[PDB]
Amino acid sequence: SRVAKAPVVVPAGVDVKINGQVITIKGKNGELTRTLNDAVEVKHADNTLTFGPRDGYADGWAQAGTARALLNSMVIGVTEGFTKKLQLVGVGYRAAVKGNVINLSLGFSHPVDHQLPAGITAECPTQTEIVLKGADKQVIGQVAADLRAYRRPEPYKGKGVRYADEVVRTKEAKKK
Amino acid sequence: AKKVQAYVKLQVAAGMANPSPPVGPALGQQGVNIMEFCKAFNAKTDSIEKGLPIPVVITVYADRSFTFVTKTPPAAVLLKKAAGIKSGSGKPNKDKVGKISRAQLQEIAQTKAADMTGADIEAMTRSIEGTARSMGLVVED
Amino acid sequence: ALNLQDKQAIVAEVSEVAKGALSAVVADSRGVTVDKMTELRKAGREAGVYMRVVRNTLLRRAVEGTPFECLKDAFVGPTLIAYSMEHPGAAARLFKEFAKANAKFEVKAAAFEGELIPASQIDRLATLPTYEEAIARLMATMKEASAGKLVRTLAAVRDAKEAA
Amino acid sequence: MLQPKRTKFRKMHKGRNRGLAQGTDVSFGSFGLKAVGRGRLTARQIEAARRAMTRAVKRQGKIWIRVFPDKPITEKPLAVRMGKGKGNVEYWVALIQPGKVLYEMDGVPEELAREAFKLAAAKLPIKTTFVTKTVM
Amino acid sequence: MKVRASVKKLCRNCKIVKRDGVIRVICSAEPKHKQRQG
Amino acid sequence: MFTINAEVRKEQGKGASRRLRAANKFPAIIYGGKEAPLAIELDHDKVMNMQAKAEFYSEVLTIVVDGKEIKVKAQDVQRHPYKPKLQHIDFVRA
Amino acid sequence: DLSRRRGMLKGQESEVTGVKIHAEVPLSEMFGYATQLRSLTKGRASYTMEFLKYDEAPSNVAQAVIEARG
RNA sequence: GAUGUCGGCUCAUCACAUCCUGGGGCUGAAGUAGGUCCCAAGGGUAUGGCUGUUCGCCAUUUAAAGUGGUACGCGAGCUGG
RNA sequence: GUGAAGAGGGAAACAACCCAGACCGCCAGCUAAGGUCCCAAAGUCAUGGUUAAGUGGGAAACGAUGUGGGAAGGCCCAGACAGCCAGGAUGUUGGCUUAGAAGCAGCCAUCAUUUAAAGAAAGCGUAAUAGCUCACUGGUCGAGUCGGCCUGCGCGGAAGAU
């Protein structure tokens, strides 16, 4: 029911600079946190999400539901920010955190690098747990997933880079 | 899943009870400790009359000590034991076993009248009515 | 309209029980598990103490629209009706027993006659003499707590700030 | 499978499967399969669907067939110069046109019966649709 | 995995999406069920 | 119960009848008794809904047509013979 | 595994630190059997067998071959 | 009143229902191997034995010794078995 | 019927298709089928409905929370839909079957209890009950929603040699 036609009214929780179509959310924690949602038939007034007449379709007030998700995700990035627990079972390998750059491994001899984009940073309490910490739910989950593409969980007994996967499959030797 | 657990079920041999051995190898594989042996082996054991394999009930909670408790056999079991019946039907009421006096049920209600649910002995007797018919046994006059 | 056939039938019965409770308690579910209801549930319907947990969305709108021994406001959330028609102890002996797996404040409040009994009062509703002398001790008590305690207590915490 | 005991003639024309149907409605059992489409149906196919549905459904009801395949239809042997006397009779054809009921069955609850004709519809040439009893 | 002309649900809680063009099953149980392109 | 309402037919035979059957009507007749047979339409969606209520076929029906009202008990019906439709229905006077 | 060979179980008992399983088994199948078992368990398990008696065969090939050989 | 009819040699050229090589899904896929499968037309893709065969059987080789079209690529180029 | 023995227009081309039946000349008008942006003569015409595929502009069984139309219909603030929190019982762990009874191993019978309430059980899942999810049940949520049927229109199914 609710979000398709009453778009949560995305409150101004300190604080929203709205040009018009270019949006900057201006708060402390990942400061001046910004997104350009353009005029995708998404009209705004103060911190509200308002429709117009899309292409052929004309929808039903749908991407005003979306625009409300993407601005609030953006606002909540600047207020609360958040825990990307990414983690390894994999016989440790590498997992040097160093500021903007992460050195991981997959048994592969070479520095695996990956340079974190500016907007986020990461650290490791122990090699097997990595917290990427910071700002925007979109770039941050992308860097997490691109790190788990340094290798999936192995599906039989689970070796790999684990982000949200607290459900890794537990297959077995020589059939059951 | 859902966290720590209430009322875990185990169903267990009618051995020496103070000594372990017909219970011992079923105990052995699940890591019934020397400590687990003390709550179950030392105790809730002999000076109770063996004749039925005894229910043993697990409460899970742990600083490395989760516990195993001995009590009375269950209503289905007591029905089979108490009535002096053969063994239950193949097809309830479309095949048949026995007849049973309602008064025997009532004494059956009375022994099982501990935690068995039915807020009334009359209600209590009826659940075991519905057990007796399920086994084929008509509660009968 | 209105779902099930018990739900349109029940309105005279819930309304009947909701008059009946000459002591009543509004109390909380969520996180009970089976046991805390069960262990009273069996014995109660023999023993003369009642505990039901009943539809709080219907009870909260129903109570507004029908006085059920006054009351209404603080039913909100997941809600049990504990009740004794009897002198107050059976209802109140039950609650610290419900306190082992939750707390004292899962009752939000209770009612006796027309006086509001919260947990502060509840120990006192829970202290009850021999029956013929009790109902007199209970009538002098509720008549005391109604207007005398307010006019003293509203002054006294402001006197605590003035007088240190 | 279904085949007649001795017909008056034993080869027959192309024939004309033009028009609707007089052999319509579910009439015998409680519910059935209506043909709803246009075309020609073999004996072997009737067989393949009735077996399939009795095994799907598991008996203690039974199915009633409202189609018989009468009609001879020919093969010409491969690599034969065209003409040379009409072909030889090969297999038997039942003629379907809209509304022809194919099967009725009894006793079987609707949802289970819904599945049970769903199989035969995958087994034939034509676009069947479920029908139930009704008077008058 | 297969690529099919008939796509439909295996384990009950399997799921159906037309992504890009062609309606794919996807699943959270046992991922035999990944049956695309119907 | 069973209450329908109707208009009296101003056309006849197949060319008429299809041009109605297309237009969500269907034709019908009330025959029976002394009073000459009366040829009538009903609206297909309306009187379809009571094909499956079986009291459509056993019980006396209230037939209001033109606003003048007859009372009728049903007779055999023609249905077309793969899409749910009553193709045309007969009715008998009480 | 035991089921696979056309073996059929008598029954199963717990044992002091592990489990004991007893069964009736076809004979002409077992000539990878110990290595297979070793494979399943991480080399840990063991077995013994003797011949109980004789019971029906359904496999074609034994009867089929008997004229080439003699 | 002219479509010179099979095989080989010389030269090819494309199609992809891909032999291999490259990416990727699944797997009764642990590694290994593999089975299957969506993708993909770039390049590569055997010699020798026998017989007029195309093929075939076979030795031996490779990464592979693909399938199919092109008067079943073809004689105003060759052989004519 | 035409072609054969009939031209011209149209369907790119095109005997027999659709239109039409040429006596001769015109720097004249209307029209048929067929058409009206431009290659090319005529409407980028008014009106309203629809389709997001380049369908239109090649083809099926079949498959689908793809879009508009449609009556009938259940639900519908005394609280829905379902999201979030929370219970998911009781005898019981049903009898029989037993390779082994576990709701979920075959079958039978579907029975009962306190219930605001949970099937002697729908799916996962395992060794024998254990393990896990589930409608159901209670809160918060604070409204439209769900299910069926008829139905116009599009979708994949759809891979071959200059």
# chains A, B, ... in the order shown; residues from 1 in each chain; ligands from 1
>>> interface_residues(of="chain A", to="chain I", cutoff="10 Å", atoms="only C-alpha atoms (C1' of nucleotides)", output="PyMOL selection string")
chain A and resi 1-2+55-57
>>> interface_residues(of="chain G", to="chain B", cutoff="12 Å", atoms="only C-alpha atoms", output="ChimeraX atom specification")
/G:12-20
>>> select_by_dssp(residues="stretch 23-59 of chain F", states="alpha helix (DSSP H)", output="PyMOL selection string")
chain F and resi 44-48+55-58
>>> write_last_selection(atoms="N, CA and C atoms", output="compact mmCIF listing (two decimals), in the first residue's frame")
# COMPACT_ATOMS: atom_id res chain seq x y z
N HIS F 44 -26.85 -10.24 -22.00
CA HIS F 44 -26.20 -11.50 -21.89
C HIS F 44 -25.48 -11.57 -20.52
N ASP F 45 -24.77 -10.51 -20.04
CA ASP F 45 -23.93 -10.50 -18.88
C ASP F 45 -24.85 -10.74 -17.71
N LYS F 46 -26.09 -10.19 -17.73
CA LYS F 46 -27.01 -10.17 -16.61
C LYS F 46 -27.51 -11.50 -16.41
N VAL F 47 -27.99 -12.20 -17.46
CA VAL F 47 -28.78 -13.39 -17.15
C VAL F 47 -27.86 -14.63 -17.20
N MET F 48 -26.65 -14.42 -17.71
CA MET F 48 -25.61 -15.34 -17.48
C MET F 48 -25.22 -15.66 -16.07
N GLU F 55 -31.60 -22.61 -9.51
CA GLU F 55 -32.94 -22.13 -9.22
C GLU F 55 -33.40 -21.21 -10.34
N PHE F 56 -32.46 -20.81 -11.20
CA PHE F 56 -32.73 -20.28 -12.51
C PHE F 56 -33.49 -21.22 -13.42
N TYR F 57 -33.14 -22.49 -13.23
CA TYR F 57 -33.87 -23.48 -14.00
C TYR F 57 -35.05 -24.12 -13.21
N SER F 58 -34.96 -24.26 -11.86
CA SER F 58 -36.21 -24.86 -11.25
C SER F 58 -37.24 -23.82 -10.98
>>> atom_distance(atom1="atom CA of residue B:123", atom2="atom CA of residue C:53")
21.8 Å
>>> select_by_dssp(residues="chain B", states="strand (DSSP E or B)", output="list in words")
residues 5, 6, 7, 8, 11, 12, 54, 55, 56, 57, 58, 59, 60, 67, 68, 69, 70, 92, 95, 100, 101, 139 and 140 of chain B
>>> write_last_selection(atoms="C-alpha atoms", output="short mmCIF file (atom, residue, chain, number, x, y, z; two decimals), in the first residue's frame")
data_model
loop_
_atom_site.label_atom_id
_atom_site.label_comp_id
_atom_site.auth_asym_id
_atom_site.auth_seq_id
_atom_site.Cartn_x
_atom_site.Cartn_y
_atom_site.Cartn_z
CA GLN B 5 15.10 -23.62 23.43
CA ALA B 6 12.16 -24.83 25.62
CA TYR B 7 10.95 -28.50 25.83
CA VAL B 8 13.56 -30.50 23.76
CA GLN B 11 13.06 -40.94 24.27
CA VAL B 12 15.39 -43.33 25.99
CA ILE B 54 11.61 -43.35 29.71
CA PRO B 55 11.17 -39.79 28.36
CA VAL B 56 14.21 -37.58 28.89
CA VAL B 57 13.91 -33.92 28.38
CA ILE B 58 16.48 -31.40 27.45
CA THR B 59 16.58 -27.62 28.36
CA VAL B 60 19.07 -25.71 26.46
CA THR B 67 20.60 -30.76 31.03
CA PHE B 68 18.67 -33.94 30.68
CA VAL B 69 15.63 -34.83 33.04
CA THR B 70 13.80 -38.16 33.60
CA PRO B 92 -9.18 -47.07 12.50
CA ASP B 95 -10.82 -52.13 10.82
CA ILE B 100 -12.15 -50.36 26.38
CA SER B 101 -14.27 -49.46 29.56
CA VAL B 139 -14.46 -46.04 24.51
CA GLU B 140 -17.27 -48.32 25.20
#
>>> closest_atom_pairs(of="chain C", to="chain B", cutoff="9 Å", atoms="only C-alpha atoms", output="tab-separated table")
residue	atom	partner	partner_atom	distance
C:35	CA	B:6	CA	8.9
C:39	CA	B:115	CA	8.9
C:41	CA	B:119	CA	8.0
C:42	CA	B:119	CA	4.9
C:43	CA	B:119	CA	6.1
C:44	CA	B:119	CA	7.9
C:45	CA	B:119	CA	6.5
C:46	CA	B:119	CA	6.6
>>> write_last_selection(atoms="C-alpha atoms", output="PDB file, in the first residue's frame")
ATOM      1  CA  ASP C  35       4.418 -21.429  28.526  1.00  0.00           C
ATOM      2  CA  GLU C  39       0.647 -22.650  32.901  1.00  0.00           C
ATOM      3  CA  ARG C  41      -4.442 -21.323  31.157  1.00  0.00           C
ATOM      4  CA  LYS C  42      -5.088 -24.823  32.234  1.00  0.00           C
ATOM      5  CA  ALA C  43      -5.629 -24.338  35.973  1.00  0.00           C
ATOM      6  CA  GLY C  44      -7.564 -20.964  35.658  1.00  0.00           C
ATOM      7  CA  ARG C  45     -10.765 -22.061  34.151  1.00  0.00           C
ATOM      8  CA  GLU C  46     -11.039 -24.452  37.358  1.00  0.00           C
TER       9      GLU C  46
END
>>> closest_residue(among="H:52, H:61, H:68, H:38", to="residue E:37", atoms="only C-alpha atoms (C1' of nucleotides)")
H:38
>>> residues_around(residues="residue D:62", least_positions_apart="6", cutoff="8 Å", atoms="only C-alpha atoms (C1' of nucleotides)", output="PyMOL selection string")
chain D and resi 54+105-107
>>> residues_around(residues="residue A:74", least_positions_apart="2", cutoff="10 Å", atoms="only C-alpha atoms (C1' of nucleotides)", output="ChimeraX atom specification")
/A:23-25,33-35,68-72,76-79,81,135-138
>>> write_last_selection(atoms="N, CA and C atoms", output="short mmCIF file (atom, residue, chain, number, x, y, z; two decimals), in the first residue's frame")
data_model
loop_
_atom_site.label_atom_id
_atom_site.label_comp_id
_atom_site.auth_asym_id
_atom_site.auth_seq_id
_atom_site.Cartn_x
_atom_site.Cartn_y
_atom_site.Cartn_z
N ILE A 23 20.47 17.86 -6.39
CA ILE A 23 20.21 17.82 -4.91
C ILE A 23 21.44 17.52 -4.09
N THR A 24 21.62 18.42 -3.10
CA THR A 24 22.75 18.25 -2.20
C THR A 24 22.24 18.16 -0.79
N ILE A 25 22.55 16.99 -0.19
CA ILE A 25 22.21 16.88 1.22
C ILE A 25 23.43 17.18 2.15
N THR A 33 26.47 15.71 0.62
CA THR A 33 26.23 14.38 0.13
C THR A 33 25.17 14.43 -0.95
N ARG A 34 25.52 14.19 -2.23
CA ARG A 34 24.80 14.77 -3.31
C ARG A 34 24.55 13.83 -4.45
N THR A 35 23.44 14.17 -5.10
CA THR A 35 22.90 13.23 -6.04
C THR A 35 22.23 14.06 -7.05
N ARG A 68 11.81 9.19 -3.93
CA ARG A 68 11.77 9.22 -2.54
C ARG A 68 12.77 8.21 -1.95
N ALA A 69 12.85 6.99 -2.43
CA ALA A 69 13.97 6.14 -1.95
C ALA A 69 15.36 6.77 -2.21
N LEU A 70 15.65 7.33 -3.36
CA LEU A 70 17.01 7.63 -3.57
C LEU A 70 17.45 8.85 -2.84
N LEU A 71 16.57 9.92 -2.68
CA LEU A 71 16.91 11.03 -1.80
C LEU A 71 17.02 10.71 -0.38
N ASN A 72 16.09 9.88 0.21
CA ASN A 72 16.17 9.54 1.64
C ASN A 72 17.36 8.71 1.97
N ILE A 76 19.85 10.00 4.71
CA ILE A 76 20.25 9.12 5.78
C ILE A 76 21.77 8.76 5.75
N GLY A 77 22.45 8.71 4.62
CA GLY A 77 23.86 8.74 4.44
C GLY A 77 24.50 9.92 5.20
N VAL A 78 23.92 11.11 5.13
CA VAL A 78 24.60 12.18 5.83
C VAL A 78 24.30 12.25 7.29
N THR A 79 23.17 11.78 7.78
CA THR A 79 22.89 11.70 9.20
C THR A 79 23.55 10.45 9.81
N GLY A 81 24.77 7.12 8.50
CA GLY A 81 25.86 6.32 7.95
C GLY A 81 25.95 4.91 8.42
N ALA A 135 29.44 6.64 3.84
CA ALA A 135 28.47 7.57 3.29
C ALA A 135 27.30 6.95 2.53
N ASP A 136 27.48 6.72 1.25
CA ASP A 136 26.29 6.56 0.41
C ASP A 136 26.01 5.08 0.14
N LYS A 137 24.78 4.57 0.40
CA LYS A 137 24.47 3.16 0.28
C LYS A 137 24.70 2.59 -1.07
N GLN A 138 24.60 3.40 -2.15
CA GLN A 138 24.95 2.91 -3.50
C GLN A 138 26.45 2.62 -3.88
#
>>> residues_around(residues="stretch 115-124 of chain D", least_positions_apart="5", cutoff="7 Å", atoms="only C-alpha atoms (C1' of nucleotides)", output="PyMOL selection string")
chain D and resi 33+45+49+52-53+56-57
>>> atom_distance(atom1="atom CA of residue A:36", atom2="atom CA of residue E:19")
25.1 Å
>>> interface_residues(of="chain B", to="chain I", cutoff="6 Å", atoms="only C-alpha atoms (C1' of nucleotides)", output="number ranges by chain")
B: 88-92, 117-118, 127, 130, 134-135
>>> atom_distance(atom1="atom CA of residue A:85", atom2="atom CA of residue E:16")
29.6 Å
>>> residues_around(residues="stretch 113-119 of chain A", least_positions_apart="4", cutoff="9 Å", atoms="only C-alpha atoms (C1' of nucleotides)", output="list in words")
residues 30, 99, 100, 101, 102, 103, 104, 105, 134, 135, 136, 139, 140, 143 and 147 of chain A
>>> write_last_selection(atoms="C-alpha atoms", output="tab-separated table (two decimals), in the first residue's frame")
chain	number	residue	atom	x	y	z
A	30	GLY	CA	29.96	12.24	5.06
A	99	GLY	CA	43.76	4.04	3.96
A	100	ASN	CA	42.25	4.42	0.49
A	101	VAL	CA	43.77	1.08	-0.86
A	102	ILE	CA	42.92	-2.48	-0.04
A	103	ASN	CA	45.18	-5.32	-0.57
A	104	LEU	CA	43.26	-8.64	-0.65
A	105	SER	CA	43.95	-12.09	-2.09
A	134	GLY	CA	30.85	5.81	5.55
A	135	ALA	CA	28.47	7.57	3.29
A	136	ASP	CA	26.29	6.56	0.41
A	139	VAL	CA	28.80	3.37	-4.01
A	140	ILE	CA	29.58	1.72	-0.76
A	143	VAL	CA	32.78	-1.48	-3.64
A	147	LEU	CA	35.58	-6.88	-3.58
>>> residues_around(residues="residue G:51", least_positions_apart="5", cutoff="10 Å", atoms="only C-alpha atoms (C1' of nucleotides)", output="list in words")
residues 24, 25, 26 and 27 of chain G
>>> write_last_selection(atoms="N, CA and C atoms", output="mmCIF file, in the first residue's frame")
data_model
loop_
_atom_site.group_PDB
_atom_site.id
_atom_site.type_symbol
_atom_site.label_atom_id
_atom_site.label_comp_id
_atom_site.auth_asym_id
_atom_site.auth_seq_id
_atom_site.Cartn_x
_atom_site.Cartn_y
_atom_site.Cartn_z
ATOM 1 N N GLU G 24 21.654 -56.851 4.958
ATOM 2 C CA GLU G 24 21.777 -57.856 3.993
ATOM 3 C C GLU G 24 22.198 -57.243 2.646
ATOM 4 N N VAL G 25 23.258 -57.793 1.990
ATOM 5 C CA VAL G 25 23.947 -57.104 0.886
ATOM 6 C C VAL G 25 24.235 -57.998 -0.263
ATOM 7 N N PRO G 26 24.014 -57.708 -1.557
ATOM 8 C CA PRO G 26 24.603 -58.425 -2.670
ATOM 9 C C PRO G 26 26.050 -58.466 -2.718
ATOM 10 N N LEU G 27 26.590 -59.590 -3.205
ATOM 11 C CA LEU G 27 27.958 -59.899 -3.131
ATOM 12 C C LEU G 27 28.707 -59.445 -4.279
#
>>> closest_atom_pairs(of="chain A", to="chain G", cutoff="12 Å", atoms="only C-alpha atoms", output="tab-separated table")
residue	atom	partner	partner_atom	distance
A:172	CA	G:40	CA	10.3
A:173	CA	G:40	CA	7.7
A:174	CA	G:40	CA	6.8
A:175	CA	G:40	CA	9.0
A:176	CA	G:1	CA	9.0
